[PDB]
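Shown here is one chain on its own, the form deposited in one PDB entry, set out as structure tokens.
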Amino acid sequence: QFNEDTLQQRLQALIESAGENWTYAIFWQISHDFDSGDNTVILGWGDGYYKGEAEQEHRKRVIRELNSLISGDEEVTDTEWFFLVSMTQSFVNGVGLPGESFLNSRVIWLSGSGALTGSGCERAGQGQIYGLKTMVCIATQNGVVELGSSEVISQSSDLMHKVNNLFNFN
């Protein structure tokens, strides 16, 4: 039904449409791996959209930020840092937050700091450190869509409707 170009623009619509303070959306895509020796399903960054809401740390941060702008000032917050750092992460299927979602076709809704730090998932604990309080992973056939917010958000039926209209499902 859907495809990679349509991938990003739908993540946009989901974050904008919802009446909740969602900070970003990410789509983790499937890949296959071998070694010299089996076939492993891999989750990786297919795309993402950020909406939003120490001078050692900050000068370091703006410096990569200016380094990616030349490739193709302001202050850069924790949520923004977490969003772009996430582009380098990958998840073996059934491992971590996005992997566990995909193996069992599961939607994991983590609401509250305690739910994040008690989830046993690395990515959930890392998101909490950068101020996230809600993190969601909804397993699609196309992949896994991840939502995250600095606010505490309960699972809305209106949101699960929008997610279902913007991604592939078996």
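Numbering starts at 1 and follows the sequence shown. Just so we're on the same page, rigid core means the largest C-alpha set that superposes within 1.5 Å between forms.
In what follows, reference is made to the form deposited in another entry, a form of this protein that is not presented.
Residue shifts between the shown form and the other one, rigid core superposed: of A115, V62, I30, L103, the only C-alpha displaced by 2 Å or more belongs to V62. With a change of no less than 3 Å, the CA-CA distance between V62 and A25 is smaller in that other deposited form than in the form shown. Cα of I129 to Cα of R61: at least 3 Å longer in that other deposited form than in the shown structure.
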